[PDB]
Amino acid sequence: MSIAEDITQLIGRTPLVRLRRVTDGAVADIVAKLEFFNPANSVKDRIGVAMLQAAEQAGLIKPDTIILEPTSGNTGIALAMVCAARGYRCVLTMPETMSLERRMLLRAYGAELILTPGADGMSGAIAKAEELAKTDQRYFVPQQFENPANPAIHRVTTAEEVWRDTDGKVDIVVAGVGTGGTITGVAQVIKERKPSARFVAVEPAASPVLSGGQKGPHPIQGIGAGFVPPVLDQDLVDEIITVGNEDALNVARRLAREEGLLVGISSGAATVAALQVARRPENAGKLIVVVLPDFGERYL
């Protein structure tokens, strides 16, 4: 019998699809990894369960433990879903700038929300989470930007899925960097296994921190943290490509209309970059894997 015991056993094992029309000028093959096939429609499902599994396996989860994380993105959604499956109490902090729709989605999974001053952005959500953790020892904070289970799950699952499904033929992996876990985990495994493989990090042109620029506001959700995440191994990254807001939005829209792939803005951004790499004649005949991190419907 093939029956999952709970929804967390159905995380990962996402498929690859060849891009057919959003390929203008490509001389390389572009295939997309569809992370919206995860049960809560984003790549973060992988780390939501990984960081909690890791904590359980390390005996850090106690009878009175409350899961707590500062996040206005998919990590909150993933954690909320995994806590619902696990039967854990989930508390999330985020600026009151978060949409009402997103709040409703988190509450639907039974997460509890602590809204922080809109003007204070993420630092306010983080500060509140830091204080709550200090004053109450029941709180367990996954710390997605520093937790080693983040890149680790990507080594064990994401990287192997890419390796197997391409039968080892993968030449280049293109991925947007939020926590940096996806690209790091995949590089760690594939680059050791196939030293000729190359890895392209993607970030917003409006917030080109990995390139040496400064933090700025940008709409490409899931990427562009405005700092270099500890989890990222910048020495495995062979290239950074910046992507503008319009190009990201345009290509995201092209993916839905021309490929039937309704994906988020960050998927547009990663594909902008995969398209740019695919146009280089030295990459003729190569196989490029681009990670599409989430589903488009979330972005109404």
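Residue indices: 1-based, along the sequence shown.
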{"property": "Given 214-222 and 128-136, the range whose Cα B-factors average higher in the PDB entry", "result": "128-136"}
{"property": "Mean Cα B-factor comparison, 96-104 or 197-205, giving the higher one as deposited", "result": "96-104"}
{"property": "Residue selected from 232, 263, 31, 43 by maximal Cα B factor", "result": "232"}
{"property": "Residue with highest C-alpha B-factor in the PDB entry, from 178, 73, 121, 151", "result": "121"}
{"property": "Chain-wide C-alpha B factor ranking for residue 9, given as lowest, middle or highest third", "result": "lowest"}
{"property": "Lowest, middle or highest third - CA B-factor, residue 60", "result": "middle"}
{"property": "CA B-factor ranking of residue 161, expressed as a third of its chain", "result": "lowest"}
{"property": "Third of chain Cα B-factors occupied by residue 246", "result": "highest"}
{"property": "Among modelled residues of the same chain, the CA temperature factor third for residue 69", "result": "middle"}
